[PDB]
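All remarks here apply to the structure that follows.
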Amino acid sequence: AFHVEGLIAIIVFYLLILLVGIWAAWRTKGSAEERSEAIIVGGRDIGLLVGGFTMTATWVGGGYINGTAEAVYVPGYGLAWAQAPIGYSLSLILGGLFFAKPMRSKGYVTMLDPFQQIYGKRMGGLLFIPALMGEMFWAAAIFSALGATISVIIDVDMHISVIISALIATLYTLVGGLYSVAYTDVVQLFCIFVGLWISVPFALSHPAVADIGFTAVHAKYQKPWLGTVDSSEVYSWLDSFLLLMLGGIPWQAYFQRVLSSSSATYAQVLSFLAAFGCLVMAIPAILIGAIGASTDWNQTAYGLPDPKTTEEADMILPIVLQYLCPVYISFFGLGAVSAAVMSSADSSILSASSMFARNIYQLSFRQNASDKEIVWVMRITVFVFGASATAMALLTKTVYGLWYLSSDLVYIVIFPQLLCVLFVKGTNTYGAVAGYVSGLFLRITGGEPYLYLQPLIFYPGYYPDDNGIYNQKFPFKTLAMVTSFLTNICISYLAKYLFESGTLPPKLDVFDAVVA
Ligand SMILES: C[N+]1(C)CCO[C@@](O)(c2ccc(-c3ccc([C@@]4(O)C[N+](C)(C)CCO4)cc3)cc2)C1
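According to PDB author numbering, the residues represented by the sequence shown are 2 to 30, 33 to 519, in order.
Spelled out as structure tokens, the structure:
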């Protein structure tokens with residue numbers, strides 16, 4: 002049914018989030036003369052607990068919670084394939100151990116600044132394109148998740164709620180800039196904690212749900228939610244787990260926080276603290292997914308068939324909140340999900356707009372530009388990116404598959420480039436271009452089942468799906484990343500050797516990286 006009392010509550014919650022963001026904008030209104040990087044990096048005064056809470060709320064979005072609950076819920080995957088929590092936690096631990104220290108110790112402004120200073124502005128933009136694509140598609144996917152969830156719970160028209168949520172998020176991130184998004188994430192993360200953790204005892208107390216512990220090791224209604232990994236599917240699970248471990252590092256939304264930490268040590272400690280917060284935040288998602296897996300849906304008001312029959316298994320968190328939990332607990336859970344989506348999409352929108360106005364515009368297009376012009380183009384870029392993200396979320400039905408493809412492409416392309424600039428010395432532009440081309444070519448020829456793209460190269464173990472398109476059981480993603488990294492090293496060293504030995508003319512080179 003349509004309950005106004007609760008729609009009013011969520012509108013009030015949105016207004017309070019916007020008011021907190023506006024207050025954070027007003028109070029902390033950076034450098035006195037250089038306000039171009041008083042929005043991007045925040046003035047380097049973000050502390051430890053605030054930054055940890057902020058970036059913890061950045062990774063915990065509604066798409067992440069719904070994906071974990073889906074992976075736990077469905078019988079084929081189970082908990083063993085719910086590799087999002089431990090994948091994110093190991094990603095953050097690995098980043099804080101190795102990548103966080105050199106990024107913050109010397110004062111970079113964004114993610115892409117080390118790429119430009121080594122590979123030239125053209126390759127800086129060429130690496131910006133996958134990052135922008137990934138951020139925009141991730142924001143669109145989680146906005147579509149919010150739209151579907153709110154259309155399920157309150158039964159609001161879907162094209163209004165996502166527009167209002169995106170408008171409010173864009174408005175406060177436009178007005179403040181890394182202080183309106185980091186002083187509201189300490190509120191949104193607490194709201195996520197409250198809304199997710201209160202609903203779990205209410206869901207468990209429902210008479211339909213019975214013996215959540217017993218369903219882990221035994222099967223009564225469906226396959227056990229604990230799940231298993233087959234002998235033949237070890238390589239695919241390792242491929243996806245490496246995707247989640249190593250593709251979660253090179254995002255703009257992560258390095259914008261580690262650069263904003265007050266000191267170098269409070270960046271690594273922030274990363275570890277958030278790697279603990281991610282598991283703390285993901286425990287309720289796993290519990291609710293197990294509750295949905297164990298629930299006898301005939302007893303509830305949802306009725307039979309169960310959601311996995313009606314192809315609604317991608318959303319099992321909102322159904323449990325709406326049907327198993329009471330009305331006000333359902334609104335608490337919906338507020339938690341909306342806070343998670345606004346936090347992650349706000350981080351993505353500010354992060355994707357913190358690369359456009361910083362280097363491809365200010366450092367590439369208009370090198371000599373006034374700071375006020377850069378601030379204004381930052382604000383209009385935030386607004387345009389928010390409008391594009393919500394329009395792509397609302398108008399396109401193929402957002403999830405494009406999100407997965409863009410995240411996989413970011414992992415294949417940017418991460419070898421990220422590891423080459425810092426850890427490896429003597430990497431040139433030619434090897435970077437060769438790695439880009441090889442990674443893009445292998446990812447395109449691998450194909451995607453969601454986009455109905457036929458794979459040009461058939462890896463061993465390929466099998467056709469129900470829709471009639473070939474799927475690759477071979478771990479071509481991590482193999483593509485390894486091939487890109489190896490060919491980056493090989494082409495860089497070969498070009499350096501050729502230009503040092505004198506086989507090629509010193510004037511023939513176009514990128515001029517080796518000579519100068
Ligand atoms: C079962 N499906 C629905 C289809 C098969 O693939 C999946 O297991 C799956 C789930 C999640 C992902 C995924 C990939 C990347 C990311 C992300 O890019 C998102 N963040 C940017 C939030 C963190 C870094 O990792 C999140 C989820 C990829 C595949 C999900």
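Note that CB positions come from ideal geometry on N, CA and C, so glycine has one too.
- In this model, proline 117 and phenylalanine 140 are separated by some 24 angstroms (Cα to Cα).
- Looking at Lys375, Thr486, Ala2, the one whose alpha-carbon comes closest to that of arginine 361 is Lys375.
- Taken from the Cβ of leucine 246, at least one heavy atom of ligand 1 lies inside 7 angstroms.
- Taking 8 angstroms as the cut-off, the Cβ atoms of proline 321 and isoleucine 156 count as close.
- Boundaries of the alpha helix (DSSP H) around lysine 480: 479 to 504.
- In this structure the segment 205 to 221 does not touch the segment 423 to 438; the number of beta carbon pairs closer than 8 angstroms is below three.
- Counting along the chain, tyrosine 414 sits inside the alpha helix (DSSP H) bounded by residues 402 to 425.
- In this structure, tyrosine 182 lies near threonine 29, with their beta-carbon atoms less than 8 angstroms apart.
- Spanning the alpha carbons of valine 212 and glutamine 325 requires a straight line of approximately 14 angstroms.
- Cα atoms of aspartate 158 and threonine 71: separation of roughly 24 angstroms, rounded to the nearest angstrom.
- Relative to ligand 1, the beta carbon of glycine 251 is positioned inside 7 angstroms of a heavy atom.
- According to the DSSP secondary-structure assignment, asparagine 474 is paired through a beta bridge with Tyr466.
- The Cβ neighbour count for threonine 231, taken over all protein chains shown within 10 Å, is under 16; the residue is labelled exposed.
- Taking C-beta atoms as the reference points, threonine 113 and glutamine 271 fail to come closer than 8 angstroms.
- Closest by C-alpha distance to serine 354, out of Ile12, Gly50, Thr173, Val21, is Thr173.
- Counting along the chain, the unbroken alpha helix (DSSP H) around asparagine 69 starts and ends at 65 to 76.
- Checking the 7 angstroms criterion, the Cβ of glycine 70 is within range of a heavy atom belonging to ligand 1.
- For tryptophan 228, the distance from the CB to the nearest heavy atom of ligand 1 is not below 7 angstroms.
- Linking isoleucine 319 to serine 34 through their CA atoms gives a straight-line distance of about 47 angstroms.
- Burial state of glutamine 119 is buried, judged by a 10 Å Cβ sphere holding 16 or more other Cβ atoms.
- DSSP places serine 297 in the helix class (H, G or I) of the three-state scheme.
- By the criterion of at least three beta-carbon pairs nearer than 8 angstroms, the segment 288 to 304 is not in contact with the segment 121 to 141.
- The beta carbons of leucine 97 and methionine 248 sit about 7 angstroms from each other, so the pair counts as a contact at 8 angstroms.
- Within 10 angstroms of the beta-carbon of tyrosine 67 lie 16 or more other beta-carbons, which makes it buried.
- Between the alpha carbons of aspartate 160 and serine 341 lies a distance of about 16 angstroms.
- Checking the 7 angstroms criterion, the Cβ of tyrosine 407 is within range of a heavy atom belonging to ligand 1.
- A contact is defined here as three or more CB-CB pairs under 8 angstroms, and the segment 56 to 64 meets this definition with respect to the segment 334 to 348.
- DSSP places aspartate 242 inside the alpha helix (DSSP H), whose first and last residues are 237 to 249.
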